[PDB]
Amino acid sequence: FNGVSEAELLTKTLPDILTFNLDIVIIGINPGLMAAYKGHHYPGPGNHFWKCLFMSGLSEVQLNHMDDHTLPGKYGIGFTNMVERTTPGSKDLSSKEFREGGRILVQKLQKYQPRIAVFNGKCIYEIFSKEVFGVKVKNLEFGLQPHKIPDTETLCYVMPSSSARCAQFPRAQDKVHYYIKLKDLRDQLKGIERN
């Protein structure tokens, strides 16, 4: 990574971009090597997050990782991760790391209380649900989850990971449907507040 060792990137962390009164908080799994390197969220040239944000209309123009600090103020979107530690892949993390992460995540969500907690990846919500709601469904599905963050009105919404790793949603286009439904849910919630 421009002469920067993998060993150096593994020690690096990615700061959260969180504020109060947010519509959405994107919760990633943990920082990848490129995110740790850049110090920005979803810089993966193949990661579908920014493409999907635009293709869905959640951003009116095409943005990139360098824009992530403007997302709270201009788009009502923030970022955090289930696990802070940088790894080359999601499977390099332990069960205890994820459950430590879940506990830390629920406290951050109870503080900032965004309208919607968006789990960027089914695997992290599977862990979160089990730990926080004590729920393990056989048929865990994407989309809105039937449980609010404890002691809040924050909804849980799950999407296929923006990572281009999963073959089941091979392209940004195959994930865009979930980002459109996320936008619609945000619009419904703001409309409920209005009336």
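Take the two forms, find the largest set of C-alpha atoms that superpose within 1.5 Å, and that set is the rigid core. One rule holds for the numbers: they count along the sequence shown, beginning at 1.
Root-mean-square C-alpha deviation from the shown form, taken over all structures in 6 other deposited structures of this protein superposed by the rigid core, is larger for 126-134 than for the alternative among 50-58 and 126-134. Root-mean-square C-alpha deviation from the shown form, taken over all structures in 6 other deposited structures of this protein superposed by the rigid core, is larger for 7-15 than for the alternative among 7-15 and 172-180. Comparing 59-67 with 157-165, the higher mean C-alpha B-factor in the PDB entry belongs to 59-67. Judged by mean Cα B factor in the deposited record, 83-91 ranks above the other of 108-116 and 83-91.
The top Cα temperature factor in the record, among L182, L10, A172, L18, falls on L10. Among the modelled residues of the chain, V137 sits in the highest third by CA temperature factor in this PDB entry. Per the PDB record, residue ranking by Cα B-factor puts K122 in the lowest third of the chain. For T152, the recorded CA temperature factor ranks within the highest third of the chain's modelled residues. The PDB entry assigns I29 a C-alpha temperature factor belonging to the lowest third of its chain's modelled residues. When the CA B factors of the chain's modelled residues are split into thirds, the value for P45 lands in the highest one.
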